[PDB]
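Visitor: Next comes the structure file structure_26.pdb, holding PDB, N, CA and C atoms.
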```
ATOM      1  N   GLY A   1     -20.181  70.772-114.498
ATOM      2  CA  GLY A   1     -20.413  71.594-115.671
ATOM      3  C   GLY A   1     -21.877  71.698-116.046
ATOM      4  N   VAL A   2     -22.656  72.325-115.171
ATOM      5  CA  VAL A   2     -24.086  72.514-115.374
ATOM      6  C   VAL A   2     -24.349  74.007-115.476
ATOM      7  N   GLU A   3     -24.788  74.449-116.647
ATOM      8  CA  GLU A   3     -25.101  75.849-116.894
ATOM      9  C   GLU A   3     -26.610  75.997-116.986
ATOM     10  N   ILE A   4     -27.174  76.824-116.116
ATOM     11  CA  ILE A   4     -28.605  77.090-116.107
ATOM     12  C   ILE A   4     -28.850  78.382-116.869
ATOM     13  N   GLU A   5     -29.779  78.341-117.823
ATOM     14  CA  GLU A   5     -30.200  79.516-118.585
ATOM     15  C   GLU A   5     -31.714  79.589-118.443
ATOM     16  N   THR A   6     -32.158  80.356-117.457
ATOM     17  CA  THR A   6     -33.512  80.234-116.949
ATOM     18  C   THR A   6     -34.494  81.023-117.804
ATOM     19  N   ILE A   7     -35.565  80.356-118.222
ATOM     20  CA  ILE A   7     -36.799  81.042-118.583
ATOM     21  C   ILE A   7     -37.526  81.330-117.276
ATOM     22  N   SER A   8     -37.831  82.616-117.038
ATOM     23  CA  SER A   8     -37.968  83.159-115.684
ATOM     24  C   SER A   8     -39.002  82.500-114.766
ATOM     25  N   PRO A   9     -40.303  82.434-115.104
ATOM     26  CA  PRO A   9     -41.326  82.429-114.048
ATOM     27  C   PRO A   9     -41.395  81.118-113.274
ATOM     28  N   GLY A  10     -42.050  81.192-112.121
ATOM     29  CA  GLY A  10     -42.141  80.084-111.204
ATOM     30  C   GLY A  10     -42.297  80.600-109.788
ATOM     31  N   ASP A  11     -41.523  80.075-108.859
ATOM     32  CA  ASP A  11     -41.482  80.661-107.525
ATOM     33  C   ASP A  11     -40.068  80.960-107.050
ATOM     34  N   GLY A  12     -39.101  80.108-107.381
ATOM     35  CA  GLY A  12     -37.730  80.319-106.973
ATOM     36  C   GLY A  12     -37.431  80.016-105.524
ATOM     37  N   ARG A  13     -38.358  79.393-104.797
ATOM     38  CA  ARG A  13     -38.149  79.107-103.388
ATOM     39  C   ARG A  13     -38.313  77.643-103.017
ATOM     40  N   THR A  14     -39.076  76.866-103.778
ATOM     41  CA  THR A  14     -39.354  75.479-103.423
ATOM     42  C   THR A  14     -38.395  74.606-104.224
ATOM     43  N   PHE A  15     -37.293  74.293-103.630
ATOM     44  CA  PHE A  15     -36.320  73.480-104.339
ATOM     45  C   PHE A  15     -36.607  72.001-104.107
ATOM     46  N   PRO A  16     -36.230  71.137-105.044
ATOM     47  CA  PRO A  16     -36.354  69.698-104.801
ATOM     48  C   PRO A  16     -35.361  69.227-103.753
ATOM     49  N   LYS A  17     -35.792  68.249-102.964
ATOM     50  CA  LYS A  17     -34.981  67.687-101.897
ATOM     51  C   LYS A  17     -34.921  66.175-102.062
ATOM     52  N   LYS A  18     -34.159  65.531-101.184
ATOM     53  CA  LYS A  18     -34.098  64.078-101.177
ATOM     54  C   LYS A  18     -35.403  63.499-100.648
ATOM     55  N   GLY A  19     -35.706  62.279-101.081
ATOM     56  CA  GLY A  19     -36.969  61.672-100.723
ATOM     57  C   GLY A  19     -38.168  62.282-101.406
ATOM     58  N   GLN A  20     -37.961  62.981-102.519
ATOM     59  CA  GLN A  20     -39.035  63.639-103.247
ATOM     60  C   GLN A  20     -39.081  63.106-104.670
ATOM     61  N   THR A  21     -40.264  62.677-105.093
ATOM     62  CA  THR A  21     -40.497  62.221-106.455
ATOM     63  C   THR A  21     -41.048  63.384-107.265
ATOM     64  N   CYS A  22     -40.401  63.680-108.388
ATOM     65  CA  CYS A  22     -40.664  64.904-109.125
ATOM     66  C   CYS A  22     -40.952  64.617-110.594
ATOM     67  N   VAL A  23     -41.651  65.564-111.214
ATOM     68  CA  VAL A  23     -42.216  65.426-112.551
ATOM     69  C   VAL A  23     -41.639  66.524-113.434
ATOM     70  N   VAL A  24     -41.071  66.128-114.575
ATOM     71  CA  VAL A  24     -40.325  67.021-115.458
ATOM     72  C   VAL A  24     -40.767  66.799-116.899
ATOM     73  N   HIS A  25     -41.153  67.882-117.576
ATOM     74  CA  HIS A  25     -41.287  67.890-119.032
ATOM     75  C   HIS A  25     -39.918  68.180-119.630
ATOM     76  N   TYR A  26     -39.222  67.136-120.059
ATOM     77  CA  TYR A  26     -37.934  67.328-120.706
ATOM     78  C   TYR A  26     -38.078  67.241-122.222
ATOM     79  N   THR A  27     -37.039  67.703-122.910
ATOM     80  CA  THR A  27     -36.948  67.604-124.363
ATOM     81  C   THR A  27     -35.477  67.583-124.738
ATOM     82  N   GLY A  28     -35.057  66.541-125.452
ATOM     83  CA  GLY A  28     -33.662  66.408-125.801
ATOM     84  C   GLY A  28     -33.271  67.232-127.011
ATOM     85  N   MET A  29     -31.967  67.484-127.112
ATOM     86  CA  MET A  29     -31.397  68.235-128.218
ATOM     87  C   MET A  29     -29.916  67.907-128.319
ATOM     88  N   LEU A  30     -29.450  67.677-129.541
ATOM     89  CA  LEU A  30     -28.031  67.501-129.804
ATOM     90  C   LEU A  30     -27.413  68.823-130.244
ATOM     91  N   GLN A  31     -26.236  69.134-129.697
ATOM     92  CA  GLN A  31     -25.483  70.294-130.157
ATOM     93  C   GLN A  31     -25.019  70.074-131.587
ATOM     94  N   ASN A  32     -25.369  71.029-132.462
ATOM     95  CA  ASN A  32     -25.236  70.913-133.919
ATOM     96  C   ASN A  32     -25.914  69.647-134.429
ATOM     97  N   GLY A  33     -27.076  69.346-133.859
ATOM     98  CA  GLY A  33     -27.769  68.121-134.191
ATOM     99  C   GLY A  33     -29.243  68.250-133.890
ATOM    100  N   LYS A  34     -29.957  67.178-134.188
ATOM    101  CA  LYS A  34     -31.404  67.151-134.100
ATOM    102  C   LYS A  34     -31.842  66.700-132.708
ATOM    103  N   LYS A  35     -33.132  66.411-132.564
ATOM    104  CA  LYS A  35     -33.652  65.855-131.329
ATOM    105  C   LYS A  35     -33.210  64.408-131.159
ATOM    106  N   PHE A  36     -33.258  63.945-129.914
ATOM    107  CA  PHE A  36     -33.109  62.520-129.641
ATOM    108  C   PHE A  36     -34.071  61.978-128.596
ATOM    109  N   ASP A  37     -34.739  62.816-127.808
ATOM    110  CA  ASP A  37     -35.680  62.321-126.816
ATOM    111  C   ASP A  37     -36.688  63.421-126.525
ATOM    112  N   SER A  38     -37.909  63.016-126.185
ATOM    113  CA  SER A  38     -38.985  63.975-125.955
ATOM    114  C   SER A  38     -40.020  63.391-125.010
ATOM    115  N   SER A  39     -40.139  63.993-123.825
ATOM    116  CA  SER A  39     -41.259  63.701-122.940
ATOM    117  C   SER A  39     -42.552  64.320-123.439
ATOM    118  N   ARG A  40     -42.455  65.314-124.320
ATOM    119  CA  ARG A  40     -43.638  65.991-124.827
ATOM    120  C   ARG A  40     -44.441  65.097-125.759
ATOM    121  N   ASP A  41     -43.791  64.123-126.389
ATOM    122  CA  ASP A  41     -44.488  63.291-127.357
ATOM    123  C   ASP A  41     -45.324  62.217-126.678
ATOM    124  N   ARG A  42     -44.764  61.548-125.676
ATOM    125  CA  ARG A  42     -45.418  60.397-125.074
ATOM    126  C   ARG A  42     -46.567  60.770-124.149
ATOM    127  N   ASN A  43     -46.682  62.051-123.776
ATOM    128  CA  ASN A  43     -47.705  62.578-122.861
ATOM    129  C   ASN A  43     -47.678  61.892-121.496
ATOM    130  N   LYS A  44     -46.509  61.405-121.095
ATOM    131  CA  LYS A  44     -46.296  60.820-119.773
ATOM    132  C   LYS A  44     -45.084  61.517-119.179
ATOM    133  N   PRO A  45     -45.268  62.505-118.320
ATOM    134  CA  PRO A  45     -44.162  63.428-118.034
ATOM    135  C   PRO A  45     -43.140  62.957-117.006
ATOM    136  N   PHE A  46     -42.738  61.681-117.068
ATOM    137  CA  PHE A  46     -41.485  61.155-116.509
ATOM    138  C   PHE A  46     -41.371  61.388-114.995
ATOM    139  N   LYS A  47     -42.214  60.668-114.261
ATOM    140  CA  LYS A  47     -42.103  60.644-112.806
ATOM    141  C   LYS A  47     -40.790  59.996-112.378
ATOM    142  N   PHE A  48     -40.047  60.675-111.505
ATOM    143  CA  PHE A  48     -38.778  60.151-111.009
ATOM    144  C   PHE A  48     -38.454  60.842-109.694
ATOM    145  N   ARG A  49     -37.571  60.219-108.922
ATOM    146  CA  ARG A  49     -37.134  60.754-107.642
ATOM    147  C   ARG A  49     -35.670  61.176-107.732
ATOM    148  N   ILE A  50     -35.163  61.729-106.634
ATOM    149  CA  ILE A  50     -33.801  62.242-106.554
ATOM    150  C   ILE A  50     -33.062  61.469-105.469
ATOM    151  N   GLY A  51     -31.856  61.004-105.786
ATOM    152  CA  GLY A  51     -30.991  60.380-104.808
ATOM    153  C   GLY A  51     -30.771  58.894-104.976
ATOM    154  N   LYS A  52     -31.189  58.311-106.097
ATOM    155  CA  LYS A  52     -31.008  56.888-106.350
ATOM    156  C   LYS A  52     -30.167  56.620-107.587
ATOM    157  N   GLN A  53     -29.551  57.667-108.158
ATOM    158  CA  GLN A  53     -28.777  57.612-109.404
ATOM    159  C   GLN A  53     -29.605  57.039-110.552
ATOM    160  N   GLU A  54     -30.874  57.448-110.613
ATOM    161  CA  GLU A  54     -31.752  57.026-111.696
ATOM    162  C   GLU A  54     -31.346  57.681-113.007
ATOM    163  N   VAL A  55     -31.343  59.008-113.031
ATOM    164  CA  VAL A  55     -30.942  59.785-114.195
ATOM    165  C   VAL A  55     -29.427  59.909-114.226
ATOM    166  N   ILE A  56     -28.906  60.461-115.318
ATOM    167  CA  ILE A  56     -27.486  60.758-115.473
ATOM    168  C   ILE A  56     -27.059  61.875-114.527
ATOM    169  N   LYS A  57     -25.741  62.071-114.403
ATOM    170  CA  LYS A  57     -25.202  63.051-113.464
ATOM    171  C   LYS A  57     -25.521  64.476-113.888
ATOM    172  N   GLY A  58     -25.441  64.760-115.189
ATOM    173  CA  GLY A  58     -25.647  66.117-115.660
ATOM    174  C   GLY A  58     -27.084  66.579-115.548
ATOM    175  N   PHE A  59     -28.029  65.643-115.543
ATOM    176  CA  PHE A  59     -29.419  65.998-115.315
ATOM    177  C   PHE A  59     -29.750  66.095-113.833
ATOM    178  N   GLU A  60     -29.006  65.391-112.982
ATOM    179  CA  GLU A  60     -29.334  65.345-111.564
ATOM    180  C   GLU A  60     -28.979  66.650-110.859
ATOM    181  N   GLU A  61     -27.876  67.288-111.258
ATOM    182  CA  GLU A  61     -27.449  68.512-110.587
ATOM    183  C   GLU A  61     -28.346  69.689-110.948
ATOM    184  N   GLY A  62     -28.762  69.778-112.213
ATOM    185  CA  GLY A  62     -29.627  70.866-112.631
ATOM    186  C   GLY A  62     -31.038  70.772-112.093
ATOM    187  N   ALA A  63     -31.479  69.568-111.721
ATOM    188  CA  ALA A  63     -32.820  69.403-111.171
ATOM    189  C   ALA A  63     -32.928  70.026-109.788
ATOM    190  N   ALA A  64     -31.866  69.925-108.988
ATOM    191  CA  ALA A  64     -31.877  70.525-107.661
ATOM    192  C   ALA A  64     -31.738  72.039-107.710
ATOM    193  N   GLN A  65     -31.175  72.583-108.785
ATOM    194  CA  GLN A  65     -30.990  74.020-108.926
ATOM    195  C   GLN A  65     -32.191  74.713-109.549
ATOM    196  N   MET A  66     -33.294  74.002-109.732
ATOM    197  CA  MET A  66     -34.537  74.575-110.220
ATOM    198  C   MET A  66     -35.540  74.672-109.080
ATOM    199  N   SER A  67     -36.709  75.223-109.389
ATOM    200  CA  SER A  67     -37.811  75.275-108.444
ATOM    201  C   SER A  67     -39.104  75.004-109.198
ATOM    202  N   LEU A  68     -40.224  75.128-108.492
ATOM    203  CA  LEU A  68     -41.525  74.829-109.074
ATOM    204  C   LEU A  68     -41.917  75.881-110.102
ATOM    205  N   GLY A  69     -42.306  75.424-111.289
ATOM    206  CA  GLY A  69     -42.728  76.305-112.352
ATOM    207  C   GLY A  69     -41.615  76.850-113.218
ATOM    208  N   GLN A  70     -40.357  76.681-112.819
ATOM    209  CA  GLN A  70     -39.249  77.220-113.588
ATOM    210  C   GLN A  70     -39.048  76.429-114.877
ATOM    211  N   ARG A  71     -38.334  77.047-115.811
ATOM    212  CA  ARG A  71     -38.028  76.434-117.098
ATOM    213  C   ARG A  71     -36.570  76.729-117.415
ATOM    214  N   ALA A  72     -35.730  75.711-117.345
ATOM    215  CA  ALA A  72     -34.299  75.900-117.462
ATOM    216  C   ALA A  72     -33.813  75.480-118.844
ATOM    217  N   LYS A  73     -32.493  75.484-119.014
ATOM    218  CA  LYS A  73     -31.860  75.099-120.272
ATOM    219  C   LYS A  73     -30.509  74.487-119.917
ATOM    220  N   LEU A  74     -30.473  73.163-119.810
ATOM    221  CA  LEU A  74     -29.265  72.483-119.377
ATOM    222  C   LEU A  74     -28.225  72.439-120.486
ATOM    223  N   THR A  75     -26.960  72.433-120.073
ATOM    224  CA  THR A  75     -25.836  72.266-120.993
ATOM    225  C   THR A  75     -24.788  71.453-120.240
ATOM    226  N   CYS A  76     -24.692  70.169-120.563
ATOM    227  CA  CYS A  76     -23.905  69.228-119.784
ATOM    228  C   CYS A  76     -22.621  68.871-120.516
ATOM    229  N   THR A  77     -21.566  68.633-119.743
ATOM    230  CA  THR A  77     -20.290  68.218-120.292
ATOM    231  C   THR A  77     -20.388  66.775-120.789
ATOM    232  N   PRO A  78     -19.484  66.349-121.684
ATOM    233  CA  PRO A  78     -19.550  64.949-122.142
ATOM    234  C   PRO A  78     -19.267  63.926-121.057
ATOM    235  N   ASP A  79     -18.357  64.225-120.128
ATOM    236  CA  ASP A  79     -17.916  63.219-119.169
ATOM    237  C   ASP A  79     -18.976  62.871-118.135
ATOM    238  N   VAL A  80     -19.925  63.767-117.874
ATOM    239  CA  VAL A  80     -20.915  63.490-116.843
ATOM    240  C   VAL A  80     -22.058  62.620-117.344
ATOM    241  N   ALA A  81     -22.238  62.492-118.660
ATOM    242  CA  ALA A  81     -23.342  61.684-119.172
ATOM    243  C   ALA A  81     -22.873  60.478-119.973
ATOM    244  N   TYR A  82     -22.231  60.674-121.129
ATOM    245  CA  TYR A  82     -21.961  59.536-122.000
ATOM    246  C   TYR A  82     -20.657  59.631-122.783
ATOM    247  N   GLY A  83     -19.722  60.513-122.416
ATOM    248  CA  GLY A  83     -18.673  60.912-123.346
ATOM    249  C   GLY A  83     -17.671  59.821-123.670
ATOM    250  N   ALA A  84     -17.354  58.973-122.695
ATOM    251  CA  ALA A  84     -16.426  57.883-122.962
ATOM    252  C   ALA A  84     -17.102  56.773-123.753
ATOM    253  N   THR A  85     -18.254  56.306-123.278
ATOM    254  CA  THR A  85     -18.911  55.173-123.916
ATOM    255  C   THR A  85     -19.725  55.608-125.126
ATOM    256  N   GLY A  86     -20.724  56.455-124.908
ATOM    257  CA  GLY A  86     -21.691  56.748-125.946
ATOM    258  C   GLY A  86     -22.795  55.713-125.931
ATOM    259  N   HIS A  87     -24.042  56.154-125.827
ATOM    260  CA  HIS A  87     -25.148  55.209-125.751
ATOM    261  C   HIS A  87     -25.368  54.582-127.122
ATOM    262  N   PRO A  88     -25.422  53.235-127.218
ATOM    263  CA  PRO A  88     -25.214  52.546-128.503
ATOM    264  C   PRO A  88     -26.256  52.827-129.572
ATOM    265  N   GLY A  89     -25.821  53.503-130.635
ATOM    266  CA  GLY A  89     -26.686  53.895-131.720
ATOM    267  C   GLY A  89     -27.478  55.159-131.489
ATOM    268  N   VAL A  90     -27.575  55.630-130.253
ATOM    269  CA  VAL A  90     -28.430  56.753-129.897
ATOM    270  C   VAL A  90     -27.609  57.991-129.559
ATOM    271  N   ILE A  91     -26.564  57.829-128.755
ATOM    272  CA  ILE A  91     -25.692  58.928-128.367
ATOM    273  C   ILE A  91     -24.273  58.589-128.806
ATOM    274  N   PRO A  92     -23.621  59.427-129.604
ATOM    275  CA  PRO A  92     -22.254  59.139-130.021
ATOM    276  C   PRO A  92     -21.290  59.373-128.874
ATOM    277  N   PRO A  93     -20.106  58.770-128.915
ATOM    278  CA  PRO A  93     -19.105  59.048-127.881
ATOM    279  C   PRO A  93     -18.593  60.473-127.973
ATOM    280  N   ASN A  94     -18.292  61.034-126.796
ATOM    281  CA  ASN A  94     -17.795  62.403-126.615
ATOM    282  C   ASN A  94     -18.768  63.425-127.208
ATOM    283  N   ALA A  95     -19.968  63.452-126.640
ATOM    284  CA  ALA A  95     -21.033  64.316-127.122
ATOM    285  C   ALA A  95     -21.498  65.253-126.018
ATOM    286  N   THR A  96     -21.904  66.450-126.420
ATOM    287  CA  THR A  96     -22.377  67.479-125.507
ATOM    288  C   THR A  96     -23.892  67.560-125.604
ATOM    289  N   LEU A  97     -24.559  67.545-124.456
ATOM    290  CA  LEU A  97     -25.997  67.339-124.390
ATOM    291  C   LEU A  97     -26.718  68.640-124.068
ATOM    292  N   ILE A  98     -27.843  68.859-124.744
ATOM    293  CA  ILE A  98     -28.670  70.047-124.572
ATOM    294  C   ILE A  98     -30.063  69.588-124.163
ATOM    295  N   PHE A  99     -30.629  70.228-123.142
ATOM    296  CA  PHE A  99     -31.932  69.840-122.624
ATOM    297  C   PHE A  99     -32.833  71.051-122.455
ATOM    298  N   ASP A 100     -34.110  70.869-122.779
ATOM    299  CA  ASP A 100     -35.154  71.837-122.469
ATOM    300  C   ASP A 100     -35.988  71.250-121.336
ATOM    301  N   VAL A 101     -35.859  71.830-120.146
ATOM    302  CA  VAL A 101     -36.369  71.242-118.913
ATOM    303  C   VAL A 101     -37.331  72.222-118.257
ATOM    304  N   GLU A 102     -38.516  71.733-117.895
ATOM    305  CA  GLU A 102     -39.447  72.469-117.057
ATOM    306  C   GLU A 102     -39.913  71.568-115.922
ATOM    307  N   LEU A 103     -39.916  72.106-114.705
ATOM    308  CA  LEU A 103     -40.265  71.352-113.504
ATOM    309  C   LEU A 103     -41.684  71.702-113.074
ATOM    310  N   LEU A 104     -42.591  70.725-113.168
ATOM    311  CA  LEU A 104     -43.962  70.847-112.663
ATOM    312  C   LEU A 104     -44.257  69.582-111.862
ATOM    313  N   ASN A 105     -43.886  69.589-110.588
ATOM    314  CA  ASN A 105     -43.851  68.378-109.787
ATOM    315  C   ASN A 105     -44.881  68.404-108.663
ATOM    316  N   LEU A 106     -44.789  67.407-107.796
ATOM    317  CA  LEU A 106     -45.511  67.330-106.539
ATOM    318  C   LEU A 106     -44.488  67.153-105.421
ATOM    319  N   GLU A 107     -44.987  66.843-104.222
ATOM    320  CA  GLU A 107     -44.195  66.504-103.029
ATOM    321  C   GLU A 107     -43.221  67.606-102.609
TER     322      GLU A 107
END
```
As structure tokens, what does this structure read like?
Guide:
Amino acid sequence: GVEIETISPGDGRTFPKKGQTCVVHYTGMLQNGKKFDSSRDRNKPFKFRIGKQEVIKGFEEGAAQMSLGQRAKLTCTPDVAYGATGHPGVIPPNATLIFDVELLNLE
């Protein structure tokens, strides 16, 4: 359940692959709710790789469906991220997650 709502520009040809460490300006958003996380604030744009189950499932699928310079809009189902448990005090159980994602990576 990954819905991409693309802010257009970029290249559309250089997709992320396995063995690649990539850099993402993310920004969290709760559906009918406020923010909960922001890479824009810390000024450290979250270096991470693909294929080690580092991030949640709903963020991992949308990262491969982007390219360099693109700006997407993730909409993840509750079951792929936190819906049964809920991250304690931060994410309630059975919650739908909204992300503002832009990929500006290397490799």
Visitor: Build an axis-aligned box that encloses every atom of segment 48-51 of chain A listed in the file, pad it by 4 Å on each side, and report its centre and edge lengths in Å to one decimal, as lines of an AutoDock Vina configuration file.
Guide:
```
center_x = -35.4
center_y = 60.6
center_z = -108.2
size_x = 17.3
size_y = 11.3
size_z = 14.7
```
Visitor: Between A:98, A:84, A:23, A:90, which is the closest to residue 39 of chain A once you count only C-alpha atoms?
Guide: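 Of the candidates, the smallest distance to residue 39 of chain A is held by A:23.
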Visitor: Neighbours of residue 18 of chain A within 7 Å (all atoms listed in the file; same-chain residues fewer than 3 positions away dropped), as a PyMOL selection string?
Guide: chain A and resi 21+50-51
Visitor: For residue 58 of chain A, list every protein, DNA or RNA residue within 6 Å, evaluated using all atoms listed in the file, and leave out those in the same chain fewer than 4 positions away; present the list as a list in words.
Guide: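 Returned residues: residues 62, 76, 80 and 81 of chain A.
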Visitor: Please report the interatomic distance between atom CA of residue 105 of chain A and atom C of residue 34 of chain A in Å with one decimal.
Guide: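 Rounded to one decimal, the two atoms are 25.9 Å apart.
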Visitor: Please determine, counting all atoms listed in the file, which residue among A:106, A:91, A:72, A:66 has the shortest atom-to-atom distance to residue 16 of chain A.
Guide: A:66
Visitor: Show me, as a ChimeraX atom specification, the residues that have an atom within 7 Å of residue 49 of chain A when counting only N, CA and C atoms, minus same-chain residues fewer than 5 positions from it.
Guide: /A:19-22,54
Visitor: Would you mind listing what lies within 8 Å of residue 9 of chain A as JSON, numbers by chain, with all atoms listed in the file counted and same-chain residues fewer than 3 positions away left out?
Guide: {"A": [6, 12, 67, 68, 69, 70, 71]}
Visitor: A:95, A:4, A:42, A:100: which is nearest residue 65 of chain A, counting all atoms listed in the file?
Guide: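 With all atoms listed in the file as the atom set, the closest residue is A:4.
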Visitor: With DSSP run on the backbone, what are the alpha helix (DSSP H) residues within chain A? I'd like them as number ranges by chain.
Guide: A: 39-42, 57-64, 78-81
Visitor: Which polymer residues, whether protein, DNA or RNA, lie within 5 Å of the coordinate (-34.1, 68.3, -105.7) when you count only N, CA and C atoms? List them as a list in words, using the chain letters and numbers from the file.
Guide: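 Returned residue set, sorted by chain then number, is residues 15, 16, 17, 63 and 64 of chain A.
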Visitor: Which residues, written as a VMD selection string, have at least one atom at most 10 Å from residue 82 of chain A, with only C-alpha atoms counted and residues fewer than 2 positions away on the same chain left out?
Guide: chain A and resid 56 to 58 77 to 80 84 to 87 91 to 97
